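S.K.:
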Amino acid sequence: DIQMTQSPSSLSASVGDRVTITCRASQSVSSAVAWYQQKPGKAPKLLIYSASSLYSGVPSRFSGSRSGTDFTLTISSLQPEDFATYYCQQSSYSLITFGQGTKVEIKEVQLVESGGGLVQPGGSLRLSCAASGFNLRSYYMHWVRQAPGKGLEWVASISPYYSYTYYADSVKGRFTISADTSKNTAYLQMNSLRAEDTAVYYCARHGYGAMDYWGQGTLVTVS
Amino acid sequence: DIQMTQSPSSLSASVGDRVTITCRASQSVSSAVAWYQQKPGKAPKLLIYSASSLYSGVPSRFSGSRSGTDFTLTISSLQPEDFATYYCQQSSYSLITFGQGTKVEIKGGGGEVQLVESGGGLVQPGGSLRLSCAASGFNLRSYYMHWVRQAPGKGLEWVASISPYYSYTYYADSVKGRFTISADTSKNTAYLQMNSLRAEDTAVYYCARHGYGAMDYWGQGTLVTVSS
Amino acid sequence: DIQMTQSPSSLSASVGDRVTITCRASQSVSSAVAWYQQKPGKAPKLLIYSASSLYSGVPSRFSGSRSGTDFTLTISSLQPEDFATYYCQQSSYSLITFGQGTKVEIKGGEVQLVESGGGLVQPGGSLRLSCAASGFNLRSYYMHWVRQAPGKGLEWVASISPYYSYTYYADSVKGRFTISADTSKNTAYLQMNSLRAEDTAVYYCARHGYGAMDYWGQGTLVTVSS
Amino acid sequence: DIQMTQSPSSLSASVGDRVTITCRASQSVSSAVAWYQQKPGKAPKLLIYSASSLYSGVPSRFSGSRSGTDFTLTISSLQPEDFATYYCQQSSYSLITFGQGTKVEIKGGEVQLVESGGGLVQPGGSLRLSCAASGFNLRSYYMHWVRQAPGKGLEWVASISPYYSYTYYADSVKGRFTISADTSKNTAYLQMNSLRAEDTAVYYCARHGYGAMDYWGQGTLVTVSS
Ligand SMILES: [Cl-]
Ligand SMILES: [Cl-]
Ligand SMILES: [Cl-]
Ligand SMILES: [Cl-]
Ligand SMILES: [Cl-]
Ligand SMILES: [Cl-]
Ligand SMILES: [Cl-]
Ligand code: NA
Ligand code: NA
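Protein chains in written order, with the authors' numbering: chain C, 1 to 107, 113 to 215, 216A, 217 to 228; chain A, 1 to 107, 109 to 215, 216A, 217 to 229; chain B, 1 to 107, 111 to 215, 216A, 217 to 229; chain D, 1 to 108, 112 to 215, 216A, 217 to 229.
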């Protein structure tokens, strides 16, 4: 006797923004509505119960309202730890249902990797890393990869202005790192692809004998 | 002077949803605020002016609001032609400014038939790519699946097809020996392996489902650029 | 074993006109002919299949015919939303082919803006963009230039006032761009000097109205690179 | 010419704890050591560089140390946002390497729910899930099972009432699943019969509080596949 339709299914905002998520109750309506937050890999956490009551310990920028059939969760000033999937729940005397969930996502120096995908062993693949906010000719750039569930593994680096290259032993003679200064883009040319190459591939900018700026990564699955 | 901050920068929604987009004026405020809709490849179109006046011909499901510095565009029930990017605009007596834009994208989609291509990108001649087409709302095991491509400013060109239950493949002469079509029923996904790419392969690649001796459902397409 | 020759490749018509598009099957023939509509930036949409069957949800003003090797798509009364490109498809048991397409386009009285002059230059180069207006007296309105870098948002560039040609510029183009207008020719211009890579964008010209921009041109692409 | 060995591979701690992570350079050694934090599904963030320099905007509770070959990251007082995986990095003039990583995990308050029994079955098979409760009397609360298919949303499965053991079921599992409890042993159960591919999911146990579900277990994975 209850049904909840949640909107939007995802949204991207910036830190400090005001975000609203709606759940429309299209059958029986009551105030027995709760909101949950779920971080990737973890169980849900209760935010609000009885449609508008703040759960003990939950920060005050979360609040809930009901107007007619519409229940709304408002995050008043979005914080970096707020990025998660949010669910509404409605309860009747006989049933419980959940809305479909809303993914809330983040977003100056910027790096964007592309090129990943599901690929066949033995073939070749080019990865790209598009830089903005800086001239990557003036920086060492790095590729670092991470197989699923495993650690960071440095793959290759290329030097500023002279394009000297450095490689991990594990990819030497198979991978070539390069860059197009005119396009402010760095590249990774992967040859003779194999199962160990399955990984998220990150591009990172050198600073301080370290890597201070990272892209979000592109997934390469070899199968 | 004026400055506008638009949020969210993007949202995904479904047909029937009520969607709200905010623009905060951080300086001078008047009700001289307008909203525009822009579709890909197209000029912007005016939706609302003077913060709440609907422009002639715009559907009544679009409304504009103001509360202090906060201006809002509301779509009361999202329709399939509403997926676009939206911009607010503020005018002063000496300056014009726009918000950064909000993209409204289609969600995915439930039990509705949907095709989503991916894998496009820029490659040098001789390079290779593998396109994927992820199906939702139906099992591609039961249907012929097609790839069709369109070079910029040119016509539709059939690329390849793959049959159900038997995996028989069919290719245009222009890609024989270079492209391979396949399907993975367990992932409900079709693929186009593209080897030995040349400049003339530059195009938007669409995946399409067979129905009625025709192609009844189509993806949004993925762009492939082959350039030296 | 199939081949489709589609005619015409383009045509100009008015709302309310009857429009017909033909595809001749030059090789084997069957009833397996379909017709599609495609609008700029969108995937094709199926209109008719098996030469004459109307696809669910398509308006009845669309119909498909066949006489011999010739298949025809008829739009009994063109509506504003029908301006688009149309394609026939033919299938055999071994092949699919598409006709080359027919663009159905609009032809007075209506407000129109048409930008031109875009092109590719090196940093430090220059271009003059022009915006030809019809349907209204450009001298009576504020005219604007707005640009959009690829993948990015709209950015106001410059405005010119009616009757007095007072000019207004965004800070990013001050001292480099000049807006002007020839009212006797109903054309606005954007002289773009000292170009830099960040000026790369589609440039639109827009008419002022209601404190906003009610009519825009289709834009002209400017690319600056070394 | 460089190699880092990181320990522990994982540790469990509470908010307010002092926590230390060690990386031993077993080959050439220098001050060129950095520390990174990474949260699930996100890129690493730089914390410390040159073994002891705090990157701009990193809280002062993070500090880095060196004793000979051993490099140590210390979090003086663990905060909720610090539960993450941490990595050390060493650079030479020719190579970069990373430690194997340290997962820093929350310990468990008094309330715990622990699901077990998840596993792999063929369509038509059966499983019994267990939910062990501690820190509260299960007899006095509604208990719920809620599941989540990979990359999808929460779906309520079943609930059982306190003191009278009334049961409630989702339509999608009616006639296949049975929820039960053993109050004397503080355990709830979900018997899952006649399984199908669509039942594949992480299954959570949850305690009723305030008309909602105030405590959740970490869930147990069920995979149904031919
Ligand atoms: Cl190499
Ligand atoms: Cl490939
Ligand atoms: Cl060929
Ligand atoms: Cl003809
Ligand atoms: Cl019909
Ligand atoms: Cl009609
Ligand atoms: Cl005007
Ligand atoms: Na010139
Ligand atoms: Na059932």
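Backbone N, C-alpha and C define an ideal beta-carbon position, used for all residues, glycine too.
Identify the residues that DSSP records as bridge partners of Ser94(C): which are they?
M.R.: Indexing the first sequence from 1 puts residue 94(C) at position 94. Partner(s): none; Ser94(C) has no beta bridge.
S.K.: Give, in chain order, every residue of the region 88–105 of chain C whose Cβ lies closer than 8 Å to some Cβ of chain D.
M.R.: Under the 8 Å Cβ criterion, the region 88–105 of chain C contributes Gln89, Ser91, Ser94, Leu95, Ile96, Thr97, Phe98, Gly99, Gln100, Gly101.
S.K.: Starting from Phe180(A) and walking both ways along the beta strand (DSSP E), at which residues does that stretch end?
M.R.: Walking along the second sequence from the start, residue 180(A) turns up at place 179. Segment 180–185, the beta strand (DSSP E) holding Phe180(A).
S.K.: With a cut-off of 9 Å, does the C-beta of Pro8(A) fall near any C-beta of chain B?
M.R.: Along the second sequence, read from residue 1 onward, the residue named residue 8(A) stands at position 8. Chain B, which has no Cβ nearer than 9 Å to the Cβ of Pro8(A), makes this no.
S.K.: Within the same chain, show all residues whose beta-carbon is closer than 7 Å to that of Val15(D), passing over the 5 residues directly before and after it, in chain order.
M.R.: The sequence position of residue 15(D) within the fourth sequence is 15, counting from 1. The residues are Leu78, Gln79, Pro80.
S.K.: Once the 5 residues before and after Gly212(A) are set aside, which same chain residues still bring their CB inside 8 Å of it?
M.R.: By 1-based counting over the second sequence, the position of residue 212(A) is 211. Result list for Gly212(A): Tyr144, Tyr218, in chain order.
S.K.: If we ignore side chains and look at the alpha-carbon of each, how far apart do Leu116(C) and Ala200(D) end up?
M.R.: Counting from 1 along the first sequence, the entry for residue 116(C) is found at position 111. Counting from 1 along the fourth sequence, the entry for residue 200(D) is found at position 197. If you take the alpha carbons of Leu116(C) and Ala200(D), they lie about 39 Å apart.
S.K.: Going along the chain, which residues of its own chain have a beta-carbon closer than 6 Å to the beta-carbon of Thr5(A), five neighbours each way excluded?
M.R.: Against the second sequence, residue 5(A) aligns to sequence position 5. So the qualifying residues of the chain are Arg24.
S.K.: Does at least one heavy atom of ligand 3 sit under 8 Å from the Cβ of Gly178(A)?
M.R.: Here residue 178(A) corresponds to residue number 177 of the second sequence, with the count starting at 1. It does: the Cβ of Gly178(A) is within 8 Å (strictly closer) of some heavy atom of ligand 3.
S.K.: Mapping the DSSP letters down to three states, classify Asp82(B) as helix, strand or coil.
M.R.: Against the third sequence, residue 82(B) aligns to sequence position 82. Helix, per DSSP.
S.K.: Just checking my contact of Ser53(B) with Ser187(C) at CB under 8 Å: how many whole Å lie between their CB atoms?
M.R.: As a position in the third sequence, residue 53(B) is number 53, starting the count at 1. As a position in the first sequence, residue 187(C) is number 182, starting the count at 1. So it is not a contact: roughly 53 Å between Cβ atoms.
S.K.: For the region 203–214 of chain B, which residues have a CB atom closer than 7 Å to at least one CB atom of chain A, in sequence order?
M.R.: Residues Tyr207, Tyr213, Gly214.
S.K.: Within the continuous beta strand (DSSP E) that includes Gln125(D), where are the two ends?
M.R.: Within the fourth sequence, residue 125(D) is the residue found at index 122, counting from 1. Run containing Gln125(D): none; DSSP gives neither H nor E here.
S.K.: Under 9 Å, do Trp148(D) and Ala191(D) count as touching if we go by C-beta distance?
M.R.: Mapped onto the fourth sequence, residue 148(D) falls at position 145. Mapped onto the fourth sequence, residue 191(D) falls at position 188. Their beta carbons are under 9 Å apart, which means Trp148(D) touches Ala191(D) by this criterion.
S.K.: Residues of chain C with a CB under 8 Å from the CB of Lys45(A): which are they?
M.R.: Translated into positions along the second sequence, residue 45(A) becomes position 45. Residues of chain C passing the Cβ test: none, with the nearest at roughly 22 Å.
S.K.: Mind listing the chain B neighbours of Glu158(A)? Cutoff is C-beta to C-beta under 8 Å, in chain order.
M.R.: The residue you call residue 158(A) lines up with position 157 of the second sequence. The answer, in chain order, is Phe98.
S.K.: Where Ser10(C) and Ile75(A) are concerned, what is the direct C-alpha to C-alpha distance, given to the nearest angstrom?
M.R.: Numbered from its first residue, the first sequence carries residue 10(C) at position 10. Numbered from its first residue, the second sequence carries residue 75(A) at position 75. Their backbone Cα atoms lie some 16 Å apart in a straight line.
S.K.: Please work out which residues of its chain come closer than 7 Å, Cβ to Cβ, to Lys39(D), disregarding the five sequence neighbours upstream and downstream, and give them in chain order.
M.R.: To locate residue 39(D), count along the fourth sequence from 1; it is residue 39. For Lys39(D), where only same-chain residues beyond five positions count, the Cβ hits under 7 Å are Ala84.
S.K.: With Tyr167(B) as the anchor, note down where its beta strand (DSSP E) starts and where it stops.
M.R.: The sequence position of residue 167(B) within the third sequence is 164, counting from 1. Looking at the DSSP string, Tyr167(B) is not in any beta strand (DSSP E), and its letter there is neither H nor E.
S.K.: Cα separation between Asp70(C) and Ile2(C)?
M.R.: Taking the first sequence and counting its residues from 1, one reaches residue 70(C) at position 70. Taking the first sequence and counting its residues from 1, one reaches residue 2(C) at position 2. In a straight line, the C-alpha of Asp70(C) is about 13 Å away from that of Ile2(C).
S.K.: For the region 8–22 of chain C, enumerate the residues whose C-beta is nearer than 9 Å to any C-beta of chain A, in chain order.
M.R.: Of all residues in the region 8–22 of chain C, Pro8, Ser9, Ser10, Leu11, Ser12, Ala13, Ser14, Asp17, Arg18, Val19, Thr20, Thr22 have a Cβ within less than 9 Å of some Cβ in chain A.
S.K.: Output needed for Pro165(C): all residues of its chain with C-beta closer than 7 Å, excluding positions within five of it in sequence on either side, in chain order.
M.R.: The residue labelled residue 165(C) in the question sits at position 160 within the first sequence. Taken in chain order, the residues that qualify are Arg142, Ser143, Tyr144, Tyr145.
S.K.: Between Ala136(D) and the rest of its own chain, which residues show a CB-CB distance below 6 Å, the 5 nearest in sequence each way excluded?
M.R.: Counting from one through the fourth sequence, the residue named residue 136(D) turns up at place 133. Closer than 6 Å at the Cβ level, and outside the excluded window around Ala136(D), lie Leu116, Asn189.
S.K.: Do you know whose CA, among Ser31(D), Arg18(D), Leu198(D), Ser30(D), lies nearest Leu123(D)'s CA?
M.R.: Taking the first residue of the fourth sequence as position 1, residue 123(D) is located at position 120. The candidate whose alpha carbon is nearest that of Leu123(D) is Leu198(D).
S.K.: Under 9 Å between the Cβ atoms of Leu130(C) and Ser119(C)?
M.R.: Counting from 1 along the first sequence, the entry for residue 130(C) is found at position 125. Counting from 1 along the first sequence, the entry for residue 119(C) is found at position 114. Not closer than 9 Å, so no.
S.K.: Hey, how far is the Cα of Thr22(A) from the Cα of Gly128(C)?
M.R.: Your numbering for residue 22(A) matches position 22 in the second sequence. Your numbering for residue 128(C) matches position 123 in the first sequence. Cα to Cα, the separation comes out at about 47 Å.
S.K.: Could you compute how far the alpha carbon of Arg18(B) sits from the alpha carbon of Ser67(C)?
M.R.: Residue 18(B) sits at position 18 when you count from the first residue of the third sequence. Residue 67(C) sits at position 67 when you count from the first residue of the first sequence. Looking at the two C-alpha atoms, the distance is approximately 51 Å.
S.K.: By DSSP, does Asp174(D) sit in helix, in strand, or in coil?
M.R.: On the fourth sequence, position 171 is the one that residue 174(D) refers to. If DSSP states are grouped into helix, strand and coil, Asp174(D) belongs with the helices.
S.K.: Thinking C-alpha only, which one of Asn196(A), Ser94(A), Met195(A) is nearest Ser28(A)?
M.R.: Here residue 28(A) corresponds to residue number 28 of the second sequence, with the count starting at 1. Considering only alpha carbons, the answer is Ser94(A).
S.K.: Near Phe139(C), what residues of its chain come up, given a Cβ to Cβ distance below 6 Å and the 5 sequence neighbours on each side ignored?
M.R.: Counting from one through the first sequence, the residue named residue 139(C) turns up at place 134. Hits under 6 Å: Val114.
S.K.: Please confirm whether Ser30(C) and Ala13(A) have their CB atoms less than 9 Å apart.
M.R.: As a first step, residue 30(C) is located in the first sequence; it is residue number 30 there, counting from the start. As a first step, residue 13(A) is located in the second sequence; it is residue number 13 there, counting from the start. No, Cβ-Cβ distance for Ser30(C) and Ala13(A) is not below 9 Å.
S.K.: Hey, which residues come within less than 6 Å of ligand 5, measuring from Cβ to any heavy atom, in chain order?
M.R.: Taking each Cβ in turn, the ones that pass are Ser52(B), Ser53(B), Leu54(B).
S.K.: Within the same chain, show all residues whose beta-carbon is closer than 7 Å to that of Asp82(A), passing over the 5 residues directly before and after it, in chain order.
M.R.: Residue numbering aside, residue 82(A) sits at position 82 when the second sequence is read from its first letter. Excluding sequence neighbours, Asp82(A) sits near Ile75, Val104.
S.K.: Is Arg142(B) near ligand 6, in the sense that its beta carbon is under 8 Å from a heavy atom of that ligand?
M.R.: Residue mapping note: residue 142(B) aligns to position 139 of the third sequence, counting from 1. Checking the Cβ of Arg142(B) against ligand 6 gives no.
S.K.: Which residues in chain C have a C-beta closer than 9 Å to the C-beta of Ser133(A)? List them in chain order.
M.R.: If you number the second sequence from 1, residue 133(A) lands on position 132. Chain C residues near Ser133(A): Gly122, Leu123.
S.K.: When the Cα of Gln125(A) is compared with those of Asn196(A), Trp35(A), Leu47(A), which residue comes out closest?
M.R.: Translated into the one-based positions of the second sequence, residue 125(A) becomes position 124. It is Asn196(A) whose Cα lies nearest to the Cα of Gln125(A).
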